[PDB]
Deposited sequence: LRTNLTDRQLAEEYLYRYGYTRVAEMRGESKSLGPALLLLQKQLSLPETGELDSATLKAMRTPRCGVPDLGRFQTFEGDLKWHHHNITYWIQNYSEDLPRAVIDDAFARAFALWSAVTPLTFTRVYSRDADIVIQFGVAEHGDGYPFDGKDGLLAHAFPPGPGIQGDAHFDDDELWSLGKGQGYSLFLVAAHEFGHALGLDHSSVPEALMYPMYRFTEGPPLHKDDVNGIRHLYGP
């Protein structure tokens, strides 16, 4: 099943598709993954690569996209609105509200965007907690594995951010995953950022708890090179 995990991972995150497009066994796809995740480029299902595959992470693909999306995948207005459609029961509602507010506050300081909480589906960014299949055909996977996902700027589902409520949500101390950190990362996608290959960057796909400021140069330059 180590081969099972590797196959599913390489497929889910887009490595197998790219390997096919290059006329190429797991080796070539592992190599692409190793390059993408900044692991040693051995092309082998080795210990570092298996460990990486076992690490909880964002459900957004690394190469390619969930699907074909509408538009150019950046916002064309400045006041982005968001709606917290539902709540996890893991944290008080006020703490969840504030986690999301603080996550947006990270991006607002480094972009010409502002973020405004609203209370309707008309919001640019709809935020949902869900489990397994939760209405968008990209089902969550139960405890651990993928923690959340989001969709690039645009109409409808685009711009939305979903969190897997089969995870224990906390602020990352003690037990559970930091909703603040995961939200900060997902909002990045919701603004049009892709994954970073820099392991310390906020937009690196793997979950990494830290008490330090979440943004790194790579995240700031990424958003600068967009807006």
| query | finding |
| --- | --- |
| In sequence order, the deposited-sequence ranges that have no modelled C-alpha atom | 1-5, 30-31, 235-236 |
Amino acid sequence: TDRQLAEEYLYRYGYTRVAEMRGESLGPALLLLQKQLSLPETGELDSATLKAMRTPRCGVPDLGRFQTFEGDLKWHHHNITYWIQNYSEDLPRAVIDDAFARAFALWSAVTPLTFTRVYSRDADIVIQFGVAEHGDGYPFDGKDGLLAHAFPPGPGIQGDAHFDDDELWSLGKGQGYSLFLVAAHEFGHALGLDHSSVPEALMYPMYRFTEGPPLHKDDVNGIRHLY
From here on, numbers count along this sequence of modelled residues.
query	finding
Unmodelled residue 66 in at least one third of other entries with both flanks present	yes
Average Cα temperature factor in the PDB entry - higher stretch of 64-72, 47-55	64-72
Higher-scoring stretch by recorded Cα B factor average, 211-219 or 15-23	15-23
Out of 123, 147, 101, 109, highest CA B-factor residue	123
Chain-wide C-alpha B factor ranking for residue 129, given as lowest, middle or highest third	lowest
Relative C-alpha B-factor of residue 105, binned into the chain's lowest, middle or highest third	lowest
Third of chain Cα B-factors occupied by residue 84	middle
Where the record places residue 96 (Cα B-factor, split into thirds across the chain)	lowest
Third of the chain, ranked by Cα B-factor, where residue 199 sits	middle
